[PDB]
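Structure at a glance
Residues per chain, in single letters:
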Amino acid sequence: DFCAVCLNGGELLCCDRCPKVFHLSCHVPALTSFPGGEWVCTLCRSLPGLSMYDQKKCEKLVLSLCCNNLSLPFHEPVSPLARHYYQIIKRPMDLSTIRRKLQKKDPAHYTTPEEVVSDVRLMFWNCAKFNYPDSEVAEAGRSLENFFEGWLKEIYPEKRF
Ligand SMILES: [Zn+2]
Ligand SMILES: [Zn+2]
């Protein structure tokens with residue numbers, strides 16, 4: 001009943017192989033039209049810039065982040081009006097920036113999975129550098145990073161990073 005990424009209702013696409021449902025633009029990659037049917041989400045699929053193999057793996061990683069309820073504070077960039085944020089944080093990073101750079105036409109498209117992982121960790125580092133350690137946001141960032149580091153060993157057991 002609820003999009004797995006933004007937790008809002010409306011016109012939702014169901015994945016056949018898992019309970020998850022998505023707004024078309026909340027899925028990764030975003031869909032621009034509905035499918036006829038028998039559709040499976042990026043998490044349940046099989047198989048310059050990223051190789052097609054790494055593209056799908058990094059899409060699984062980024063969608064796992066977006067679908068986890070702890071990622072909500074990190075879905076969009078911080079408002080540049082936000083007091084002191086852009087003075088402390090010289091390299092802001094957020095999941096809408098990561099999503100966009102996963103698109104192969106993007107002029108800053110990722111070329112290696114290490115680049116994707118470096119941005120994710122940059123996001124967690126900025127969170128802990130700016131937010132009060134007992135803020136709700138800082139707690140969500142620490143807990144989400146533990147999820148991410150676990151998925152990394154699951155999706156790329158071989159790579160060191
Ligand atoms: Zn959504
Ligand atoms: Zn699924």
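Residues numbered from 1 in each chain as written, not as in the entry; some residues may be left out. Chains lettered and ligands numbered in written order. Heavy atoms only, no water. Residues with missing side-chain atoms left out of burial classes, pairs and counts.

Structure determination for this entry, per the PDB record, employed X-ray crystallography and reached 2.1010 Å resolution.

Concerning the domain arrangement of the chain
Considered domain by domain, the chain is made up of domain 1 (1-47) and domain 2 (48-161). Summarising the inter-unit geometry, the C-alpha centres of domain 1 and domain 2 are found 20 Å apart. Counting residues at the interface gives 16 residues for domain 1, matched by twelve residues for domain 2. Of the residues that constitute the side of domain 1 that touches domain 2, the class distribution is eleven nonpolar, three polar and two charged. (Domains from an automatic or database assignment. Contact = heavy atoms within 4.5 Å. Nonpolar A, V, L, I, M, F, W, Y, C, P; charged D, E, K, R; others polar.)

Some points on the state of the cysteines
Evaluation of the coordinates by the stated rule reveals zero disulfides. With no disulfide of its own, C58 has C66 as its nearest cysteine by sulfur position, at a separation of 13 Å. Summary of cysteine pairing: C66 is not part of a disulfide, and the nearest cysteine sulfur, belonging to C67, is at 6.9 Å. (Disulfide = S-S within 2.5 Å.)

Points about the packing of aromatic side chains
In this description, an aromatic ring pair is defined by two values, namely the gap between the centres and the angle between the planes. With the rule as written, the count across this model stands at six aromatic pairs. Where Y85 meets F130, the ring centres are 4.8 Å apart and the plane angle is 75 degrees; that geometry is what we call edge-to-face. Taken together, the residues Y85 in helix α2 (residues 85-88) and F130 in helix α4 (residues 113-130) connect sequence positions 45 residues apart. The exposure class of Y85 is buried, given its relative accessible area of 7%. Through successive ring pairs, a cluster of aromatic residues spans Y85, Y86 and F130. Over the face of the ring belonging to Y156 we find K57, whose NZ or CZ atom lies 4.3 Å from the ring centre. (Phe/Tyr/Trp six-rings, centres within 6.5 Å; stacked < 30°, edge-to-face > 60°. Helix = DSSP H or I, 4+ residues; strand = E, 2+ residues; numbered from the N terminus. Buried < 20%, exposed > 50% of the residue type's maximum accessible area, 1.4 Å probe, protein only. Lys NZ or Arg CZ within 6 Å of the ring centre and 35° of its normal.)

What to know about the pattern of salt bridges
A complete count under the given rule lists six salt bridges for this structure. For the salt bridge of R100 with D106, the shortest nitrogen-to-oxygen distance reads 2.6 Å. For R100, a relative accessible area of 36% puts it in the partly exposed group. Notably, a salt bridge pairs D119 with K101, separated by 2.6 Å at the nearest N-O pair. Linking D119 in helix α4 with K101 in helix α3 (residues 95-101), this pair joins segments that are 18 residues apart in sequence. Here the two residues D119 and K101 agree in accessibility, since each one is buried. (Salt bridge = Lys/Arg side-chain N within 4 Å of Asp/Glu carboxyl O.)

Thoughts on the coordination of the zinc ion (ligand 1)
In this structure, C3 (SG), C6 (SG), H23 (ND1) and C26 (SG) serve as the protein donors to the zinc ion (ligand 1), at separations of 2.2 to 2.3 Å. Each donor residue of the zinc ion (ligand 1) belongs to the same chain, with the gaps between them written as C-x2-C-x16-H-x2-C. Note that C6 is positioned in the segment before β1 (13-14) and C26 in the loop between β2 (21-22) and α1 (52-67), a separation of 20 residues in sequence. In this structure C6 comes out as partly exposed when scored by relative accessible area, which is 22%. Accessibility expressed as a relative area gives 13% for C26, which makes it buried. (Donors = N, O, S within 2.8 Å, 3.2 Å for Na, K, Ca; no water.)

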